[PDB]
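**Q** Protein chains in written order, with UniProt numbering: chain D, 32 to 286, 299 to 371; chain G, 30 to 122; chain W, 1 to 144; chain P, 42 to 249; chain R, 5 to 48; chain F, 2 to 74, 91 to 113; chain Z, 108 to 263; chain B, 259 to 414; chain L, 64 to 239; chain Y, 43 to 154. Heads up, the beta-carbon is just placed ideally off N, CA and C, and yes, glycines get one too.
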Amino acid sequence: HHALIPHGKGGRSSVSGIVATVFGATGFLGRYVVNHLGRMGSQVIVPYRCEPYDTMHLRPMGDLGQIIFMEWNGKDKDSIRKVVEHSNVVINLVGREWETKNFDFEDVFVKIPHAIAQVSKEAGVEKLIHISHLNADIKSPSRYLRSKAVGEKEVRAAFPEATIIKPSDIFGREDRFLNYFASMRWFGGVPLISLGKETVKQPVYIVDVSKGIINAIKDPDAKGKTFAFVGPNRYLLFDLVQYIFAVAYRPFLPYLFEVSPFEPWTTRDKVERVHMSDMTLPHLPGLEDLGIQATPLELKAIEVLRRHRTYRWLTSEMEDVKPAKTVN
Amino acid sequence: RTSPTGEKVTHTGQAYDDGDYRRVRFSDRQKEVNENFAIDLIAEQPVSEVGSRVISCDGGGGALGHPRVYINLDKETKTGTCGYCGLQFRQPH
Amino acid sequence: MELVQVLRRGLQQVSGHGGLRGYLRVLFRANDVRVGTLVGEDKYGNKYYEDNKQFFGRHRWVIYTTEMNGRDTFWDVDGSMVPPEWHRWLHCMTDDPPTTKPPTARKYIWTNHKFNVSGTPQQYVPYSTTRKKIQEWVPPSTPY
Amino acid sequence: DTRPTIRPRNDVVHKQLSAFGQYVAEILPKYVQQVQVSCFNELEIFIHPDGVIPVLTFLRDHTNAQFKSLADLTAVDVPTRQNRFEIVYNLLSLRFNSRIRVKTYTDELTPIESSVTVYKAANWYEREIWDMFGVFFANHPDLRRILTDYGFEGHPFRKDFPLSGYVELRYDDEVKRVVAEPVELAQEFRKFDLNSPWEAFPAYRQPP
Amino acid sequence: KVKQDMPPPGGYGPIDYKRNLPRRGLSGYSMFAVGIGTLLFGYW
Amino acid sequence: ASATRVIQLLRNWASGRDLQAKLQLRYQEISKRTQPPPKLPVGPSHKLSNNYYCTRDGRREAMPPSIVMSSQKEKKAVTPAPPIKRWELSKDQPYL
Amino acid sequence: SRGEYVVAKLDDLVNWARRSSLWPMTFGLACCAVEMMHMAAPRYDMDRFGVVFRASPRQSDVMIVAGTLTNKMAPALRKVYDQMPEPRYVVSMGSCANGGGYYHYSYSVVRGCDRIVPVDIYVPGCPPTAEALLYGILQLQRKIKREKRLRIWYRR
Amino acid sequence: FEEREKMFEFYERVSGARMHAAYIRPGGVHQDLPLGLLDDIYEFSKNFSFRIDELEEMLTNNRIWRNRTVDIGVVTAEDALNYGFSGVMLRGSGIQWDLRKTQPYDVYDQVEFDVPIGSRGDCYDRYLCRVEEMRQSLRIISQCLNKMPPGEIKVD
Amino acid sequence: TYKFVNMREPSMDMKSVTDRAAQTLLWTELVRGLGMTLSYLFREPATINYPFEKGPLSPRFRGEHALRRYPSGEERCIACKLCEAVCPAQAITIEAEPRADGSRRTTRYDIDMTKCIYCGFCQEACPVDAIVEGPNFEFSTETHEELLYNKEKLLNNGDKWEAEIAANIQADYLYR
Amino acid sequence: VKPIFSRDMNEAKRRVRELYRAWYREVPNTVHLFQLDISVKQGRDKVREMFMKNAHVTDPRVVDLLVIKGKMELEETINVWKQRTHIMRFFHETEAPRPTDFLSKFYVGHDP
Ligand SMILES: NC(=O)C1=CN([C@@H]2O[C@H](COP(=O)(O)OP(=O)(O)OC[C@H]3O[C@@H](n4cnc5c(N)ncnc54)[C@H](OP(=O)(O)O)[C@@H]3O)[C@@H](O)[C@H]2O)C=CC1
Ligand code: SF4
Ligand code: SF4
Ligand code: SF4
């Protein structure tokens, strides 16, 4: 029904015929996804629950009448219906790394995704892009990963052709993974369980994940396939943190926050997930399947961590830190 | 008038179709529609009967109207219609 | 002396706004406490006053209504609340109040002036007023 | 003719300007190619481009030609001529309360001598001419873009340059900077053909 | 008849167009004398 | 202005000029915004006779620039114009 | 509830402070800056509303883009905007700032400051009359008054 | 600036826009003056001289103002001509040049005024020149208000 | 013809030198300026009480564009499109088709106020006084899309402001 | 025709090499000055690419003007007259790659 012929040169004023409802657009991955849709000329329907002021960053990402902001409630199915009725593609990015007063990991990673998928199918949405985690497992101890996998199964049940993506520790300018390690100063030295010597993580670049999502939407065979976005290289957690502090000009000092009512600095599940080595699933399609070539962390490391410089490393000395050893 | 979708039809005969994605723009905002259809309004206006074969209409108000045009009423079945105003004039039978 | 006259005039202004309560009300709703002849009041409730003694620009003023078009305006005095007919007199376009010289009545003219609805759910959304230009071909519904 | 509609014309100034144009041509036969006085009393001297500095220096220092003020230095791009760019110098003589125009021609490659030595005001004018049209000025103290963007490519005022340009600017969150992207107009500039099919001025008719 | 906005019969009145900055204050000798007198009274 | 005589005197003394004579704020010398309907006049060519446009077509009476000299196939010295006359010092106020 | 009542009242207090003491920075670029000055002129006197022209952008809350944002000036506008502290609001004054106005099809004019910086209030006109600009600021004040930042944090 | 606001009203009364008027059009002016406009112009010009004098009272004789202007940015007359300076720049250095006098246009030949001429070429003299130009402008305005002829406002 | 600003030699009379030194030492001129500002303090402020008090405006004021109707109720616009041509910013987009009755009625009258320069050429060009800039200057929006005015928006603006627009035209049509 | 600066192509090539040396040596500083995320090799690769783009020119006059324009860009880069975005504009990043295969262009649009 809502099929639009793409017309234009793929610019801001062009028409790509992608009416997309990017759930959780006001987020780290959300911004890049909206920007890619906006630069192509897509009708990005933005459902938001926060203040409209917090959504202003998404306004300049699209041409006039291309970014539509409408309020939605995760506890209201009707809100989901009115925000995906005219959409031909729905992207679900709703996920909080810490539980809240009225939203628990189950609600954010099972209940809300399932409601979106069920409503989208009833509305007739062509494609759904759910965003899981690579380490998500039904029997994983962490509630975060366990709940994410539970919702992933329910997403497939409601939306049979849903294209589920499982990124692994996305890194970027406004990321909660690289910046989190470079914020160990608040947490004394560098709190590392067992010096983080048994954890190998595979981080993925933010743009790579976002471009993959856009490519998945265009890809005609991506429907119904559970993609897993893996990083270019696997780094030892200790080496990765050493590299992070190195380019951030931070003294490497190798070495409760859930209570904080404001956004928790650290979560028990986050601590477990940080010290949990990233899984390796070779049976799932990756970025190369979608055509996106993985970008090494080294090239984009400075863009995320130069801003965390202390006194004289972004200039003057400007010592070049060599790439950290990769456990590959 | 209102479309089957529930969207009021403009006097320009425009109504976003059910399959039209652009209909989302009125999701939480009203669709500005003028509620005085001009075509209906002139139809209300009565047809003047002027004995003269040729009459001139300026739209009323002189300089506040439209360029004066002279209308011929020879046609018996048809009624002379102002080019600008649209007012209909007839010659009494 | 004239100072006593000034103070007495201030007390007169206090009385003229309908007691201390009204005096404070106009003080905190309009930040002005001078009185003037009530030229007229629109249907929405805004009251218009004129004092020729005041210098040009403050000779005419409007006290906005508390409730207009189902909106509380006790503190939110929108500048677009002024009805079109009073707009001429208030903005000094004409020297004739609409009460003295009513504007010509036309059926198409609105019966309820609406303030700027930007930011409200009744805001105007742009759209095309034309129809589809190129009609497409309909495939036959009967299998060959 | 007469009556208020017609503009009054002063013949005395016309005669004076014609005489002075002949004066300049006689003094500088090496460079002066043509001398014209418009019907609205504006003397114009056409000079070979090699004579930019000599002719201007004569028109500035000569006792009977004290044009010591460079009013405006501009260029006119006519693509139908081999020397498409036409460099026009507008001068002012306070001593004799008169103005004169020195018009020269140049190509897209042939350099033109800078007149900064003659008039110090020529600096920024020639910078603008180079930036907008692309006319290189030899021996210029500092010839660089003065009005366009720093990284801009192309000369905008050229008749072959698109009005909307080739590139547009916008802010991109992914790169966290203002980026340049190919121009895409939501509403194309509607070209209006207004030239009437009927001749308007018989006096300026070009015979076939 | 023609009713353009025109100068009134007889024209408008005169308009000041020159600097009016007046002369105020005592002479230099007098001002210095006043200051010195205040000083002398203070001293006494 | 509605100011006490004392305030007026203090204001004038501080300024050094009679401010009440020329107050910047406009009170009543302003012209009435509502004015009588005007009757603008017609131009010199609003006539029913001797009004042929050929006699008043200044736009079509322009001519191409006259070519005084073209390189393509005792005189006295000539100035562009008579030399400018020295300006004369103002008589209303010679020195500001 | 009591918690909602406390949060709502505190949010209203915070909203009142910001809207009452808005500090704008004059990003005067073109003709519209002149009318902006006439807004601060005695007749209208934006300071009467608490809106005092803060020269320092580091101590400003509202950026009034007044004029034609050219391509050459475009990077500076964004860089100044991100150096503004939050909460920061952008008010676009004039058709040139809104969508390019007279120079929309120019080769070196940004097609509206909305592309470079997110805009909150658009003031129409060329130039918008000082009252219209004052009206826009008051509309921004009402916009701030409607904001419920704390309430949403509590109801999160 | 309040006086500038009053003059902006004169623009709006005759054109309908405060700053950009498009009133002077090739061929004349768009419309005739609205009845009563000339009278208000006379009232403003009558009290405008006092305002200029008040400006001089606060700046002209002030020693701090002189220190910031006297012997600052001195331009030799010959340099000004060679550098293509015009207007106050030429007059500031003593060059007796003014297009309204040397090359009269419109009916400037039918008005009588005086051209302020500097003596030192510093900023202070140019400041005095600009002030005096305002004074002489009132002189021209009074003449125009008393010589405005009857007729059409556009070429027939 | 020319007046000598400055160019005033100082008298070296001992009295004149004394007064000059008095000005320098006793800071007389600074006190004079201070007194001038003090005088300005006791004047009446010129601030109008917005929005309760509005600034003066003339009937020729140009503001929000509006499409008018004949007294019968028919749209004056007869789709001549010359207002589209005259518009110096190319802001008006007009598409017209023969109406069911058969008159020249536009199917699209779009003007983006974000591109319009509020020149007023459109109202001067219209031969039926259909498009007339209204008196409303306070129509600021919060989103760019709102500025782009549809034909329906223009018709509604005309219907809202018709009384004032007609009164102003009646008060100014003689001048035009 | 009067040569702009170089009478012969060999003289023009001398000017080209001089400009290339200056650009090659400036690239490391430019990355430091504007804190660019490109590598020194990347900048020097771009410099060579830009020079190689205009490698089909045969007129010494055109080569001279190209060198003059190249000098002007270098002057702005050295004098920090350009901004970080201006330097990055050489490296087209946000612009989506337009394919060259006819079948791809056929799918993309009506592009000729
Ligand atoms: N490195 C990573 O961050 C990785 C994350 N993922 C998953 O992919 C997604 C990436 O999220 P990202 O864009 O980084 O955003 P963030 O996790 O940084 O911020 C949370 C996002 O989810 C939305 N959200 C969270 N809880 C709710 C709720 N209860 N109701 C509505 N919206 C909610 C937020 O919108 P709002 O602020 O308005 O509430 C915002 O868009 C998440 O689902 C995440 O779990 C998977 C792999 C790696
Ligand atoms: S909108 Fe009009 S007044 Fe404002 S900057 Fe643009 S052209 Fe100038
Ligand atoms: S000029 Fe008037 S009649 Fe013609 S299209 Fe425009 S609004 Fe309609
Ligand atoms: S007033 Fe001017 S800018 Fe506005 S629509 Fe008319 S012609 Fe265009």
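DSSP beta-bridge partners for residue 412 of chain B?
**A** Taking the eighth sequence and counting its residues from 1, one reaches residue 412 of chain B at position 154. The partner list for residue 412 of chain B (beta bridge, DSSP) reads B:286.
**Q** I'd like to know if residue 209 of chain P contacts chain Y, where contact means its C-beta is closer than 8 Å to some C-beta of that chain.
**A** Numbered from 1 along the fourth sequence, position 168 holds the residue referred to as residue 209 of chain P. Not one chain Y Cβ lies under 8 Å of residue 209 of chain P.
**Q** So, does the region 62-77 of chain P touch the region 85-93 of chain G, judging by three or more C-beta pairs under 8 Å?
**A** Taking 8 Å as the limit for Cβ pairs, the verdict is that the region 85-93 of chain G does not touch the region 62-77 of chain P.
**Q** Going along chain L, which residues have a C-beta under 7 Å from residue 31 of chain W?
**A** Against the third sequence, residue 31 of chain W aligns to sequence position 31. The answer, in chain order, is 112.
**Q** Tell me which residue opens and which closes the alpha helix (DSSP H) that residue 219 of chain L is part of.
**A** The count along the ninth sequence starts at 1 and reaches residue 219 of chain L at position 156. Its alpha helix (DSSP H) spans residues 214-235.
**Q** Measuring CB to CB, does residue 55 of chain W end up less than 8 Å from residue 119 of chain L?
**A** Walking along the third sequence from the start, residue 55 of chain W turns up at place 55. Walking along the ninth sequence from the start, residue 119 of chain L turns up at place 56. Result no, Cβ atoms of residue 55 of chain W and residue 119 of chain L do not sit closer than 8 Å.
**Q** Check whether chain G comes within 8 Å of residue 131 of chain W, counting only Cβ atoms and requiring the distance to be less than that.
**A** Within the third sequence, residue 131 of chain W is the residue found at index 131, counting from 1. Residue 131 of chain W counts as touching chain G.
**Q** Under a three-way DSSP split, which group does residue 294 of chain D fall into?
**A** Residue 294 of chain D cannot be placed in this structure, since chain D goes from 286 to 299 without the numbers between.
**Q** Where do the ends of the beta strand (DSSP E) carrying residue 223 of chain P lie?
**A** Position 182 of the fourth sequence holds residue 223 of chain P. Taken as a continuous stretch (DSSP letters only), the beta strand (DSSP E) holding residue 223 of chain P covers 218-223.
**Q** Of the residues B:377, B:364, B:360 and B:403, which one's Cα is nearest the Cα of residue 64 of chain L?
**A** Sequence index remark: in the ninth sequence, residue 64 of chain L carries index 1 (1-based). Per the Cα distances, B:360.
**Q** If you measure from the CB of residue 88 of chain D, is any heavy atom of ligand 2 nearer than 7 Å?
**A** Taking the first residue of the first sequence as position 1, residue 88 of chain D is located at position 57. Checking the Cβ of residue 88 of chain D against ligand 2 gives no.
**Q** Provide the residue(s) that pair with residue 129 of chain L in DSSP beta bridges, ordered along the chain.
**A** Position 66 of the ninth sequence, counted from the start, is the residue given in the question as residue 129 of chain L. Its beta-bridge partners are L:195.
**Q** Can you list, in chain order, the residues of its chain whose CB lies under 7 Å from that of residue 55 of chain P, leaving out five sequence neighbours each side?
**A** Start at 1 with the first residue of the fourth sequence, and residue 55 of chain P comes out as number 14. So the list reads 78 and 82, once near-sequence residues are dropped.
**Q** I want to check one thing, is the minimum distance from the CB of residue 139 of chain Z to the heavy atoms of ligand 4 below 7 Å?
**A** As a first step, residue 139 of chain Z is located in the seventh sequence; it is residue number 32 there, counting from the start. Not so, every heavy atom of ligand 4 lies at least 7 Å from the Cβ.
**Q** Can you give me, in chain order, the residues of the region 46-60 of chain G that have a beta carbon less than 8 Å from any beta carbon in chain W?
**A** Taking 8 Å as the Cβ-Cβ cut-off against chain W, the residues of the region 46-60 of chain G that qualify are 51, 54, 55, 57, 58, 59 and 60.
**Q** Indicate whether at least one CB of chain R lies closer than 8 Å to the CB of residue 265 of chain B.
**A** Locating residue 265 of chain B in the eighth sequence gives position 7, counting from the first residue. It does not: the Cβ of residue 265 of chain B has no partner Cβ on chain R nearer than 8 Å.
**Q** In whole angstroms, what separates the C-alpha of residue 279 of chain D from that of residue 338 of chain D?
**A** The residue labelled residue 279 of chain D in the question sits at position 248 within the first sequence. The residue labelled residue 338 of chain D in the question sits at position 295 within the first sequence. For residue 279 of chain D and residue 338 of chain D, the distance between alpha carbons rounds to 20 Å.
**Q** Applying a beta-carbon distance threshold of less than 8 Å, which residues of chain F neighbour residue 409 of chain B?
**A** For the purposes of this step, residue 409 of chain B is taken as residue 151 along the eighth sequence, with counting starting at 1. Within chain F, the residues near residue 409 of chain B are 42 and 44.
**Q** Going along chain B in order, which residues have a C-beta closer than 7 Å to the C-beta of residue 141 of chain Z?
**A** As a position in the seventh sequence, residue 141 of chain Z is number 34, starting the count at 1. Here the neighbours are 277.
**Q** Please list the terminal residues of the continuous beta strand (DSSP E) segment that includes residue 209 of chain P.
**A** As a position in the fourth sequence, residue 209 of chain P is number 168, starting the count at 1. Counting along the chain, the beta strand (DSSP E) containing residue 209 of chain P begins and ends at 208-213.
**Q** Roughly how many whole angstroms lie between the Cα atoms of residue 41 of chain F and residue 236 of chain L?
**A** On the sixth sequence, residue 41 of chain F is found 40 positions in, with the first residue counted as 1. On the ninth sequence, residue 236 of chain L is found 173 positions in, with the first residue counted as 1. When rounded, the distance between both Cα atoms is 11 Å.
**Q** Determine, using beta carbons only, whether residue 143 of chain W comes closer than 8 Å to chain L.
**A** Walking along the third sequence from the start, residue 143 of chain W turns up at place 143. With 8 Å as the cut-off, residue 143 of chain W does not count as an interface residue toward chain L.
**Q** Cβ-heavy atom distance between residue 53 of chain F and ligand 5 below 7 Å?
**A** This structure lacks ligand 5; its bound ligands are ligand 1, ligand 2, ligand 3 and ligand 4.
**Q** Helix or strand or just coil, what does DSSP make of residue 272 of chain D?
**A** Numbered from 1 along the first sequence, position 241 holds the residue referred to as residue 272 of chain D. Three-state result, residue 272 of chain D: helix.
**Q** Identify each residue in the region 130-145 of chain P for which the Cβ-Cβ distance to at least one residue of chain F is less than 8 Å, and report them in chain order.
**A** Cβ contacts with chain F come from 134, 135, 136, 137, 138, 139 and 141.
**Q** Going by alpha carbons, who is nearest to residue 214 of chain L out of W:141, W:130 and W:136?
**A** Translated into positions along the ninth sequence, residue 214 of chain L becomes position 151. Answer by Cα proximity: W:130.
**Q** Could you round the C-beta distance between residue 370 of chain D and residue 221 of chain D to whole angstroms and report it? I think they count as a contact, below 8 Å.
**A** Here the question's residue 370 of chain D lines up with position 327 in the first sequence. Here the question's residue 221 of chain D lines up with position 190 in the first sequence. The Cβ separation is near 19 Å, so there is no contact.
**Q** Is residue 70 of chain L helix, strand or coil by DSSP?
**A** The residue you call residue 70 of chain L lines up with position 7 of the ninth sequence. Note: residue 70 of chain L maps to coil in three-state DSSP.
**Q** Is residue 259 of chain B close to chain Z? Criterion is C-beta to C-beta, closer than 8 Å.
**A** For this step, residue 259 of chain B is matched to residue 1 along the eighth sequence. Closer than 8 Å: yes.
**Q** Any Cβ of chain W within less than 8 Å of the Cβ of residue 177 of chain L?
**A** On the ninth sequence, residue 177 of chain L is found 114 positions in, with the first residue counted as 1. Chain W, which has no Cβ nearer than 8 Å to the Cβ of residue 177 of chain L, makes this no.
**Q** Does the Cβ-Cβ distance between residue 164 of chain Z and residue 132 of chain Z come in under 8 Å?
**A** Numbered from its first residue, the seventh sequence carries residue 164 of chain Z at position 57. Numbered from its first residue, the seventh sequence carries residue 132 of chain Z at position 25. Yes.
**Q** The alpha helix (DSSP H) spanning residue 207 of chain L covers which residue range?
**A** Within the ninth sequence, the letter at position 144 stands for residue 207 of chain L. Unbroken alpha helix (DSSP H) run through residue 207 of chain L: 207-210.
**Q** Just the residues with CB closer than 7 Å to a heavy atom of ligand 4, in chain order, which are they?
**A** Here the list is L:125, L:128, L:146, L:149, L:150, L:151, L:152, L:154, L:155, L:174, L:179, L:180, L:181, L:182, L:183, L:184, L:185, L:186, L:194 and L:196.
**Q** For residue 96 of chain F, which option in P:222, P:100 and P:123 has the closest C-alpha, if you only look at C-alpha atoms?
**A** For this step, residue 96 of chain F is matched to residue 79 along the sixth sequence. The option with the nearest alpha carbon to residue 96 of chain F is P:100.
**Q** What separation, rounded to the nearest whole angstrom, lies between the Cα atoms of residue 297 of chain B and residue 171 of chain L?
**A** In the eighth sequence, the residue the question calls residue 297 of chain B occupies position 39. In the ninth sequence, the residue the question calls residue 171 of chain L occupies position 108. One C-alpha to the other measures close to 45 Å.
**Q** With DSSP as the reference, label residue 363 of chain B as helix, strand or coil.
**A** Stepping through the eighth sequence from its first residue, residue 363 of chain B is reached at position 105. Note: residue 363 of chain B maps to coil in three-state DSSP.
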